[PDB]
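Colleague: With the input below, show me the fold.
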Amino acid sequence: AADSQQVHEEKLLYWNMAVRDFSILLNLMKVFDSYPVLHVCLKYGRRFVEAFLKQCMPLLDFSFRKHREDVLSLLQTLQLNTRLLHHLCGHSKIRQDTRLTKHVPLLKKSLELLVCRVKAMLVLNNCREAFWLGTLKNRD
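Modeller: Residues are numbered from 1 along each chain as shown. You can find the structure just below:
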């Protein structure tokens, strides 16, 4: 349960590194154009952020005490995935009418949840070792 938890965190680590890879892609893609490109991020994010709360968050607290280095690193990849989703909500092409407004609120509401789940994780005995090895092992 504890030793198998390490292998599940390493997947959730660069699966997040993946969503943040995509998010940025379409934001440099929407630069020279798109209607639907923003649409993909909007809806999938809603299902991604939904997957975080109900699956990966309970596991974070699960293994949080045994392995801090894998847990604090996973919370850093979550923060960067969220920074993109925020810059995505308020957005250039979202300043265009209709279709993009039926999305933003459902992401906003569940993100103010996920974000506030990280806050309480951020304050437990903050120590730079948890952050340090959750950095250089977050490298690539």
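Colleague: Pull the contacting residues for the residue nearest to residue 108 when sequence neighbours are not counted.
Modeller: Distances taken as C-beta to C-beta, 6 or more residues apart in numbering put residue 89 closest to residue 108, at 5.9 Å, once the chain neighbours are dropped. C-beta here means a position set from N, CA and C on the backbone, and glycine is covered the same way. Applying C-beta atoms under 8 Å, 6 or more residues apart in numbering to residue 89 gives the contacts 104, 107, 108.
Colleague: repeat that with 10 Å
Modeller: Shown in contact with residue 89 (C-beta atoms under 10 Å, 6 or more residues apart in numbering): 41, 42, 45, 100, 103, 104, 105, 107, 108, 111.
Colleague: One more: residue 92?
Modeller: 27, 30, 31, 38 are the contacts of residue 92 under C-beta under 10 Å, 6+ apart.
Colleague: The first one and residue 40 touch, don't they?
Modeller: No: using C-beta atoms under 10 Å, residue 27 is not in contact with residue 40; the gap is 11.5 Å.
Colleague: who has more neighbours, the two?
Modeller: residue 27 (18 against 13; other C-beta atoms under 10 Å).
Colleague: so which strand or helix has the more buried one?
Modeller: Using DSSP states H and E, residue 27 sits in helix 3-29.
Colleague: What is that helix packed up against?
Modeller: When contacts are defined as 3 or more C-beta pairs under 10 Å, 6 or more residues apart in numbering; DSSP states H and E, helix 3-29 packs onto helix 36-51, helix 57-63, helix 68-89.
Colleague: Give me whichever of those helices is most buried.
Modeller: Neighbour counts (mean count of other C-beta atoms under 10 Å) averaged over each of the helices and strands packed on helix 3-29 peak at helix 68-89, with a mean of 19.
Colleague: roughly how far is that one from the heart of the chain?
Modeller: 4 Å (C-alpha atoms, centre = their mean, to the nearest Å).
Colleague: The very next helix or strand once past that helix to helix 68-89, inter-axis angle?
Modeller: On the C-terminal side of helix 68-89, the closest following helix or strand by DSSP H and E is helix 104-122. With axes from the mean of the first three to the mean of the last three C-alpha atoms, to 10 degrees applied, the angle from helix 104-122 to helix 68-89 works out at 150 degrees.
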